[PDB]
>>> print(open('entry_37.cif').read())   # mmCIF, C-alpha atoms and all ligand atoms
data_work
#
loop_
_atom_site.label_atom_id
_atom_site.label_comp_id
_atom_site.auth_asym_id
_atom_site.auth_seq_id
_atom_site.Cartn_x
_atom_site.Cartn_y
_atom_site.Cartn_z
CA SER A 27 66.05 136.29 144.23
CA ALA A 28 63.11 135.02 146.23
CA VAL A 29 65.28 132.28 147.70
CA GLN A 30 67.93 134.69 148.97
CA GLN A 31 65.29 136.92 150.56
CA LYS A 32 63.79 133.89 152.31
CA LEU A 33 67.21 132.64 153.44
CA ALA A 34 68.06 136.11 154.74
CA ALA A 35 64.78 136.16 156.65
CA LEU A 36 65.40 132.68 158.03
CA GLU A 37 68.84 133.81 159.17
CA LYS A 38 67.36 136.87 160.85
CA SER A 39 64.78 134.78 162.71
CA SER A 40 67.45 132.34 163.89
CA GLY A 41 69.80 134.88 165.50
CA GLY A 42 72.88 133.21 164.03
CA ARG A 43 74.97 133.24 160.86
CA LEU A 44 73.85 131.01 157.99
CA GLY A 45 75.90 129.87 155.00
CA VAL A 46 74.34 128.04 152.05
CA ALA A 47 75.66 126.77 148.74
CA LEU A 48 73.56 124.85 146.23
CA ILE A 49 74.88 123.47 142.95
CA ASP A 50 72.24 122.33 140.48
CA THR A 51 74.13 119.83 138.33
CA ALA A 52 71.39 120.03 135.68
CA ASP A 53 72.57 123.44 134.45
CA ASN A 54 75.52 123.92 136.86
CA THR A 55 73.75 126.95 138.35
CA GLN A 56 74.69 127.99 141.88
CA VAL A 57 72.70 129.53 144.73
CA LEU A 59 74.87 131.11 147.42
CA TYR A 60 74.17 132.74 150.77
CA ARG A 61 77.35 133.96 152.47
CA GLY A 62 78.91 131.48 150.06
CA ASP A 63 82.41 132.97 150.43
CA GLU A 64 82.42 133.44 154.21
CA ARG A 65 84.32 131.01 156.41
CA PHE A 66 82.44 128.67 158.74
CA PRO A 67 83.73 126.09 161.22
CA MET A 68 83.47 122.75 159.44
CA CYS A 69 83.35 120.57 162.55
CA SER A 70 82.52 116.98 161.57
CA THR A 71 81.78 117.88 157.94
CA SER A 72 85.57 117.73 157.64
CA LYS A 73 85.37 113.96 158.07
CA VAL A 74 84.29 113.63 154.43
CA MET A 75 87.66 115.05 153.35
CA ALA A 76 89.56 112.62 155.59
CA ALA A 77 87.66 109.61 154.26
CA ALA A 78 88.03 110.78 150.67
CA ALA A 79 91.77 111.23 151.15
CA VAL A 80 92.16 107.67 152.41
CA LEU A 81 90.01 106.54 149.50
CA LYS A 82 92.39 108.29 147.11
CA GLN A 83 95.31 106.48 148.76
CA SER A 84 93.56 103.14 148.19
CA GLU A 85 93.60 103.73 144.42
CA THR A 86 97.30 102.80 144.51
CA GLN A 87 97.33 100.77 147.76
CA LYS A 88 94.64 98.38 146.56
CA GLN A 89 94.34 96.65 149.95
CA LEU A 90 94.59 99.76 152.15
CA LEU A 91 90.95 99.81 153.24
CA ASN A 92 91.29 96.31 154.71
CA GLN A 93 94.33 97.29 156.76
CA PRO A 94 93.55 96.65 160.45
CA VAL A 95 94.19 99.52 162.86
CA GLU A 96 94.35 99.07 166.62
CA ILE A 97 91.94 100.95 168.88
CA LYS A 98 93.60 101.60 172.21
CA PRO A 99 91.95 103.19 175.27
CA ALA A 100 94.21 106.23 174.90
CA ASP A 101 92.81 106.74 171.38
CA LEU A 102 89.31 107.37 172.73
CA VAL A 103 88.23 111.01 172.73
CA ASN A 104 84.87 112.58 173.50
CA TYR A 105 82.49 110.85 171.04
CA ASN A 106 83.31 107.30 169.87
CA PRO A 107 80.09 105.33 169.38
CA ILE A 108 81.80 102.76 167.13
CA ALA A 109 85.45 102.84 168.23
CA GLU A 110 84.15 102.27 171.77
CA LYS A 111 82.88 98.88 170.56
CA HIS A 112 86.36 97.84 169.39
CA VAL A 113 88.68 99.06 172.15
CA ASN A 114 91.63 96.68 172.59
CA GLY A 115 90.80 95.30 169.16
CA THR A 116 91.14 96.40 165.54
CA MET A 117 89.04 98.13 162.92
CA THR A 118 89.86 98.22 159.24
CA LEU A 119 90.39 101.54 157.52
CA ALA A 120 87.08 100.89 155.75
CA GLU A 121 85.25 100.40 159.05
CA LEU A 122 86.86 103.55 160.45
CA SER A 123 85.87 105.58 157.39
CA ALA A 124 82.30 104.32 157.72
CA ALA A 125 82.24 105.10 161.43
CA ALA A 126 83.63 108.60 160.86
CA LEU A 127 81.02 109.36 158.19
CA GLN A 128 77.90 107.47 159.27
CA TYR A 129 78.18 107.86 163.04
CA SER A 130 80.53 110.87 163.24
CA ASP A 131 82.94 108.86 165.38
CA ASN A 132 85.69 111.22 166.54
CA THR A 133 88.23 108.51 167.34
CA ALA A 134 87.80 107.13 163.83
CA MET A 135 88.43 110.58 162.38
CA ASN A 136 91.67 110.82 164.37
CA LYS A 137 92.85 107.47 162.98
CA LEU A 138 92.19 108.70 159.44
CA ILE A 139 94.15 111.91 160.09
CA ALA A 140 97.03 109.83 161.44
CA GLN A 141 96.91 107.57 158.38
CA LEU A 142 97.31 110.72 156.28
CA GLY A 143 100.27 111.98 158.31
CA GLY A 144 98.44 114.67 160.27
CA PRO A 145 95.95 117.43 159.51
CA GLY A 146 98.35 118.76 156.89
CA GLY A 147 97.82 115.49 155.07
CA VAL A 148 94.07 116.03 154.89
CA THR A 149 94.51 119.62 153.75
CA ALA A 150 96.97 118.47 151.09
CA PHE A 151 94.39 116.19 149.49
CA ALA A 152 92.03 119.17 149.32
CA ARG A 153 94.62 121.22 147.42
CA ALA A 154 95.30 118.25 145.15
CA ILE A 155 91.67 118.22 143.98
CA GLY A 156 91.59 122.01 143.58
CA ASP A 157 90.09 123.09 146.91
CA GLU A 158 92.29 126.00 148.00
CA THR A 159 89.86 127.07 150.75
CA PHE A 160 89.54 123.98 152.94
CA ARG A 161 91.97 123.94 155.85
CA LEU A 162 92.24 121.33 158.58
CA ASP A 163 94.55 122.38 161.40
CA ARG A 164 93.59 120.27 164.43
CA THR A 165 92.44 116.79 165.40
CA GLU A 166 89.32 115.77 167.29
CA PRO A 167 87.89 117.18 169.49
CA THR A 168 89.60 120.58 169.38
CA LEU A 169 88.73 121.22 165.74
CA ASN A 170 85.14 121.83 166.95
CA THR A 171 85.86 124.95 169.04
CA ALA A 172 84.27 127.06 166.27
CA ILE A 173 85.58 130.33 167.72
CA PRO A 174 84.26 133.38 165.79
CA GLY A 175 86.89 134.70 163.41
CA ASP A 176 89.19 131.74 164.01
CA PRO A 177 90.26 130.60 160.51
CA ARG A 178 91.41 127.19 161.76
CA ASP A 179 89.37 124.23 160.53
CA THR A 180 87.11 126.31 158.28
CA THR A 181 85.95 126.34 154.71
CA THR A 182 83.39 128.28 152.72
CA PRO A 183 80.01 126.95 151.59
CA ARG A 184 80.97 127.55 147.97
CA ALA A 185 84.30 125.76 148.30
CA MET A 186 82.76 122.80 150.12
CA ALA A 187 79.87 122.40 147.69
CA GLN A 188 82.22 122.33 144.70
CA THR A 189 84.52 119.84 146.40
CA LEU A 190 81.69 117.56 147.54
CA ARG A 191 80.41 117.59 143.95
CA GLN A 192 83.81 116.46 142.65
CA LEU A 193 84.12 113.69 145.23
CA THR A 194 80.62 112.23 144.80
CA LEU A 195 79.48 113.15 141.28
CA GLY A 196 82.74 114.01 139.54
CA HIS A 197 85.92 112.02 139.16
CA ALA A 198 88.21 113.33 141.88
CA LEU A 199 88.14 109.69 143.01
CA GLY A 200 88.35 106.45 141.08
CA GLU A 201 85.07 104.82 140.13
CA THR A 202 85.14 102.23 142.93
CA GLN A 203 86.22 104.78 145.54
CA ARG A 204 83.54 107.23 144.41
CA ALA A 205 80.85 104.56 144.68
CA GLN A 206 82.04 103.62 148.17
CA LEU A 207 81.91 107.24 149.36
CA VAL A 208 78.39 107.61 147.97
CA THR A 209 77.29 104.39 149.64
CA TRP A 210 78.77 105.60 152.93
CA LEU A 211 77.06 108.99 152.72
CA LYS A 212 73.69 107.46 151.80
CA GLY A 213 73.91 105.35 154.96
CA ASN A 214 74.53 108.32 157.24
CA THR A 215 72.60 107.90 160.49
CA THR A 216 72.90 111.38 162.05
CA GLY A 217 71.14 113.55 159.47
CA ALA A 218 67.43 112.83 159.86
CA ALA A 219 66.67 116.22 161.48
CA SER A 220 68.94 118.33 159.23
CA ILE A 221 68.81 118.80 155.42
CA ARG A 222 66.83 115.55 155.02
CA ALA A 223 63.99 116.94 157.16
CA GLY A 224 63.47 119.85 154.74
CA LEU A 225 63.12 117.75 151.58
CA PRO A 226 60.56 115.38 150.03
CA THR A 227 60.66 111.92 151.56
CA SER A 228 60.98 110.40 148.08
CA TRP A 229 64.37 112.05 147.47
CA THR A 230 67.51 110.05 148.15
CA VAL A 231 70.03 111.93 150.28
CA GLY A 232 73.59 111.26 151.36
CA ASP A 233 74.95 113.71 153.90
CA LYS A 234 77.47 114.39 156.65
CA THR A 235 76.42 116.44 159.64
CA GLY A 236 78.60 118.55 161.88
CA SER A 237 78.21 120.17 165.29
CA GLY A 238 80.47 122.07 167.64
CA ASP A 240 80.65 124.95 170.05
CA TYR A 241 78.93 128.27 169.38
CA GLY A 242 75.82 126.32 168.40
CA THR A 243 77.55 125.33 165.19
CA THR A 244 75.16 123.13 163.21
CA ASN A 245 76.24 121.97 159.77
CA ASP A 246 75.17 119.52 157.11
CA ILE A 247 76.54 118.81 153.65
CA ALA A 248 74.62 116.62 151.28
CA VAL A 249 74.32 115.21 147.81
CA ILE A 250 70.70 114.94 146.75
CA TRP A 251 69.19 112.63 144.14
CA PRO A 252 65.64 113.76 143.34
CA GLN A 253 63.49 111.11 141.64
CA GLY A 254 63.66 111.87 137.88
CA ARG A 255 65.81 115.00 138.31
CA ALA A 256 69.50 115.76 138.10
CA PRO A 257 71.25 115.49 141.48
CA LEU A 258 72.01 118.52 143.61
CA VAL A 259 74.75 119.38 146.08
CA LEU A 260 73.66 121.36 149.14
CA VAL A 261 75.89 122.68 151.93
CA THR A 262 74.31 124.37 154.96
CA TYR A 263 76.54 125.92 157.62
CA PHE A 264 75.15 127.65 160.70
CA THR A 265 76.90 129.18 163.70
CA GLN A 266 75.77 131.40 166.56
CA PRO A 267 77.26 134.14 168.77
CA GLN A 268 76.94 132.42 172.18
CA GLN A 269 79.60 129.83 173.01
CA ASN A 270 77.06 127.56 174.73
CA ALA A 271 74.24 127.98 172.20
CA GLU A 272 72.18 124.91 171.43
CA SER A 273 72.21 123.16 168.07
CA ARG A 274 69.70 124.41 165.51
CA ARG A 275 69.20 121.56 163.05
CA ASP A 276 65.76 123.03 162.30
CA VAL A 277 67.52 125.94 160.59
CA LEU A 278 69.25 123.48 158.26
CA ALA A 279 65.92 121.83 157.43
CA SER A 280 64.25 125.19 156.84
CA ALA A 281 67.06 126.30 154.53
CA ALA A 282 66.76 123.02 152.62
CA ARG A 283 63.00 123.46 152.34
CA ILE A 284 63.40 127.01 151.03
CA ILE A 285 65.88 125.75 148.43
CA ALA A 286 63.61 122.88 147.39
CA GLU A 287 60.79 125.40 146.87
CA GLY A 288 62.82 127.33 144.28
CA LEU A 289 63.19 124.28 142.02
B1 LIG B 301 81.20 116.31 164.71
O1 LIG B 301 80.96 117.64 164.65
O2 LIG B 301 79.89 115.56 164.81
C1 LIG B 301 79.85 115.03 166.11
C2 LIG B 301 81.16 115.18 166.69
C3 LIG B 301 81.04 115.80 168.16
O3 LIG B 301 82.30 116.27 168.56
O4 LIG B 301 81.92 116.01 165.91
#
>>> encode(input="entry_37.cif", output="structure tokens", more="lines below")
Ligand SMILES: *[B@@]1([O])O[C][C]([C][O])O1
Amino acid sequence: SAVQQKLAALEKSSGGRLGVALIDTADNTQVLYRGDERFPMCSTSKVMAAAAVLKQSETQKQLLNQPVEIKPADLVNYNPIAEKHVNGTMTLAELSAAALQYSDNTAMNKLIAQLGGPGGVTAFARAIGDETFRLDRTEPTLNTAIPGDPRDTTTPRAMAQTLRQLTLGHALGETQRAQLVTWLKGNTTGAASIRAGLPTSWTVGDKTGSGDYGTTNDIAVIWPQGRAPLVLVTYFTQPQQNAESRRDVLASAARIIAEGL
């Protein structure tokens, strides 16, 4: 199609490897570019950790209000929110919000621990039918994004389908679903990624991700005004270990997708 030619050309101009999956919920059609290739998830994995805790709260009604201590030893490389609560507590809700809306790495590690380790996050994925997602490490080492390394990867197709189920489907209870959507809509790190390639009137909830090898990711649910929502996953990684982020590629891919609709 025209879109796949344009995405292929974008990829060629960028010098990296681009993965795209769009689901149009109107007719359930899919647009895929390298949709079945594995990409390092980096912080896009945090959506799975938050959703897993949300699933736990369906039975543990008060779980999200459970205070969790933030100790200096818990601090890793990027903790914009946890930093503000060292030697104090944050609720599991506040940690989920920090993981999603500020990409706090310490918060992500507390969610993993709540789930009993990375195997606990991966288990939730299998439970909702995602047999591709795999989380193997904690922050910050899950961001190494080494070419060919299957650890901490998923495919654009698998992630799009799963993000659809979590936000638009019923993988989560109604209250949990609404909370996840509210959290994603309030993401603060995505202004230069998918959002930048779309009309300003469209409502977007997304989770960005970055890591080594110039890995630059964004996954988003999109509510166009008057139109059925869309799910868009954009994964991008590069061959140089110290390559710079390329959020512009994510915006250009989003723009090319928006043109085809
Ligand atoms: B994710 O990828 O987003 C930011 C942090 C930096 O380690 O992780």
>>> closest_residue(input="entry_37.cif", among="A:155, A:28, A:169, A:95", to="ligand LIG 301 (chain B)", atoms="all atoms listed in the file")
A:169
>>> closest_atom_pairs(input="entry_37.cif", of="chain A", to="ligand LIG 301 (chain B)", cutoff="7 Å", atoms="only C-alpha atoms and all ligand atoms", output="JSON lines")
{"residue": "A:69", "atom": "CA", "partner": "B:LIG301", "partner_atom": "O1", "distance": 4.3}
{"residue": "A:70", "atom": "CA", "partner": "B:LIG301", "partner_atom": "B1", "distance": 3.5}
{"residue": "A:71", "atom": "CA", "partner": "B:LIG301", "partner_atom": "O1", "distance": 6.8}
{"residue": "A:104", "atom": "CA", "partner": "B:LIG301", "partner_atom": "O3", "distance": 6.7}
{"residue": "A:105", "atom": "CA", "partner": "B:LIG301", "partner_atom": "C3", "distance": 5.9}
{"residue": "A:130", "atom": "CA", "partner": "B:LIG301", "partner_atom": "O2", "distance": 5.0}
{"residue": "A:131", "atom": "CA", "partner": "B:LIG301", "partner_atom": "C2", "distance": 6.7}
{"residue": "A:132", "atom": "CA", "partner": "B:LIG301", "partner_atom": "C2", "distance": 6.0}
{"residue": "A:167", "atom": "CA", "partner": "B:LIG301", "partner_atom": "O3", "distance": 5.7}
{"residue": "A:170", "atom": "CA", "partner": "B:LIG301", "partner_atom": "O1", "distance": 6.3}
{"residue": "A:235", "atom": "CA", "partner": "B:LIG301", "partner_atom": "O2", "distance": 6.3}
{"residue": "A:236", "atom": "CA", "partner": "B:LIG301", "partner_atom": "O1", "distance": 3.8}
{"residue": "A:237", "atom": "CA", "partner": "B:LIG301", "partner_atom": "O1", "distance": 3.8}
{"residue": "A:238", "atom": "CA", "partner": "B:LIG301", "partner_atom": "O1", "distance": 5.4}
>>> closest_residue(input="entry_37.cif", among="A:59, A:74, A:102, A:195", to="residue 233 of chain A", atoms="all atoms listed in the file")
A:74
>>> closest_residue(input="entry_37.cif", among="A:278, A:57, A:68, A:119", to="residue 177 of chain A", atoms="all atoms listed in the file")
A:68
>>> closest_atom_pairs(input="entry_37.cif", of="segment 170-272 of chain A", to="segment 138-154 of chain A", cutoff="12 Å", atoms="all atoms listed in the file", output="tab-separated table")
residue	atom	partner	partner_atom	distance
A:178	CA	A:145	CA	11.0
A:179	CA	A:145	CA	9.5
A:180	CA	A:149	CA	11.0
A:181	CA	A:152	CA	10.8
A:185	CA	A:152	CA	10.2
A:186	CA	A:152	CA	10.0
A:188	CA	A:152	CA	11.3
A:189	CA	A:152	CA	8.1
A:190	CA	A:152	CA	10.6
A:192	CA	A:152	CA	10.9
A:193	CA	A:152	CA	10.5
A:198	CA	A:154	CA	9.2
A:199	CA	A:151	CA	11.1
>>> closest_residue(input="entry_37.cif", among="A:171, A:243, A:128, A:27", to="residue 218 of chain A", atoms="all atoms listed in the file")
A:128
>>> residues_around(input="entry_37.cif", residues="residue 96 of chain A", least_positions_apart="2", cutoff="8 Å", atoms="all atoms listed in the file", output="list in words")
residues 94, 98, 113, 114, 115, 116 and 117 of chain A
>>> atom_distance(input="entry_37.cif", atom1="atom CA of residue 269 of chain A", atom2="atom CA of residue 217 of chain A")
22.8 Å
>>> atom_distance(input="entry_37.cif", atom1="atom CA of residue 173 of chain A", atom2="atom CA of residue 43 of chain A")
13.0 Å
>>> closest_residue(input="entry_37.cif", among="A:107, A:206, A:284, A:36", to="residue 91 of chain A", atoms="all atoms listed in the file")
A:206
>>> residues_around(input="entry_37.cif", residues="residue 225 of chain A", least_positions_apart="3", cutoff="10 Å", atoms="all atoms listed in the file", output="PDB file with C-alpha atoms, keeping the file's coordinate frame")
ATOM      1  CA  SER A 220      68.940 118.330 159.230  1.00  0.00           C
ATOM      2  CA  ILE A 221      68.810 118.800 155.420  1.00  0.00           C
ATOM      3  CA  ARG A 222      66.830 115.550 155.020  1.00  0.00           C
ATOM      4  CA  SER A 228      60.980 110.400 148.080  1.00  0.00           C
ATOM      5  CA  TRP A 229      64.370 112.050 147.470  1.00  0.00           C
ATOM      6  CA  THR A 230      67.510 110.050 148.150  1.00  0.00           C
ATOM      7  CA  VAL A 231      70.030 111.930 150.280  1.00  0.00           C
ATOM      8  CA  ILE A 250      70.700 114.940 146.750  1.00  0.00           C
ATOM      9  CA  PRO A 252      65.640 113.760 143.340  1.00  0.00           C
ATOM     10  CA  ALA A 279      65.920 121.830 157.430  1.00  0.00           C
ATOM     11  CA  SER A 280      64.250 125.190 156.840  1.00  0.00           C
ATOM     12  CA  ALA A 281      67.060 126.300 154.530  1.00  0.00           C
ATOM     13  CA  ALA A 282      66.760 123.020 152.620  1.00  0.00           C
ATOM     14  CA  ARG A 283      63.000 123.460 152.340  1.00  0.00           C
ATOM     15  CA  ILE A 284      63.400 127.010 151.030  1.00  0.00           C
ATOM     16  CA  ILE A 285      65.880 125.750 148.430  1.00  0.00           C
ATOM     17  CA  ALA A 286      63.610 122.880 147.390  1.00  0.00           C
ATOM     18  CA  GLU A 287      60.790 125.400 146.870  1.00  0.00           C
TER      19      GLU A 287
END
